[PDB]
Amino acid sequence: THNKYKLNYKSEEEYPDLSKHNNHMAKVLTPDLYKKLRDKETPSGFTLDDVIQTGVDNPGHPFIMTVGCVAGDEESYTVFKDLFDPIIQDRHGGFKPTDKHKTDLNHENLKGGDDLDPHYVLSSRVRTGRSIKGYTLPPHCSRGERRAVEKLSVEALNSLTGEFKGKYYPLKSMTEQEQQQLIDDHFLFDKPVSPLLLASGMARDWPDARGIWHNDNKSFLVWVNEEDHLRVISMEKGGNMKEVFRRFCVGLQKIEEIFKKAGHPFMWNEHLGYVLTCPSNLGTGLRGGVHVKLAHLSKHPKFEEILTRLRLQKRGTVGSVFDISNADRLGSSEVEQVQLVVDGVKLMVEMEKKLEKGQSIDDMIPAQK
């Protein structure tokens, strides 16, 4: 956006006013850091102003900190490491610039995911995101890049067979019937309404080159060109998390090898693992989650503390069902994260059964993991 033209202004005159802001970007940005990085750019011309814009536009709420910045590029994380590195270290529990992310795509290293109590575990899912090397990320990508990402993705997905045979639904030419089926399948996405996403520029040209793919069994779902180039979900009613995770891993490997053959592998490096637009999703990008009925445990005074010790977190959803998933993303592997979900949920179901009988769970509260 006229970077050499903006660089005619003094850094002070361009420096954002972040006095009311509560996000990770505003905590780290200083006048000196802005001055040092304002003249840099990635090979695709992504700038510091572009990385920080959503954090400038969205000061947020004192209760919760947002990240407040995006990568437009693989090399955004390097060119602007003096911004991203302290953000990453704060957001991801001390993960340092010299630390290494371990990736583990072997679902057989999972131990015991198959027997989660279906009276309590209503469903099991594992999701992640992926970027495709050679293309810039949604905040920045051109219509041509986004179209090339779609074409590669659909051709890969159309070639899968067996359990992974499926069909692609472009948002632009979706019929009302096809839309309505995807809504009550819970497979549809639409244009983001989040001001954090909109202010980053990722919703441009909507719905061009966005779409939905899913397999015939409706157990493996891919979203194309939404928040990241790809978002991949494996899901199942019940509690066979091991089977969900196998299908997740095998399905991703099949897409990965097609993309590698085309010279466009999944974006990855040994420091950050899989890179994606939002720094909070780095590493595994993985949210492995259950829906669990915790009628009694959710009322226990230590419910929040138990979740912390198990390194899990909850969001919203018969009766008092909770959407529980791993909190970690960077500095621990896909297997370790799903293992934490498996072990943690198994314990919390045991806790719930105890409270059903009026028995204390305090001896069951684990030490911090």
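Residue numbers here begin at 1 and follow the sequence given.
- The deposited sequence places 4 to 9 unmodelled residues between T317 and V318.
- When 292-300 is weighed against 199-207, 292-300 comes out higher, by mean CA B-factor as recorded in the entry.
- The PDB entry records a higher mean C-alpha B factor for 180-188 than for its counterpart among 82-90 and 180-188.
- Residues shown: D323, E41, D50, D328. Highest C-alpha temperature factor in the entry: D323.
- The PDB entry assigns the greatest CA B-factor among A148, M267, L122, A156 to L122.
- The deposited CA B-factor of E163 belongs to the highest third of values across its chain.
- Among all modelled residues in this chain, the alpha-carbon of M25 has a temperature factor (C-alpha) in the lowest third.
- In the PDB entry, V56 places in the lowest third of its chain by CA B-factor.
- Ranked against the other modelled residues of its chain, the C-alpha B-factor of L116 as given in the entry falls in the highest third.
- In this PDB entry, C69 carries a Cα temperature factor that places it within the lowest third of its chain's modelled residues.
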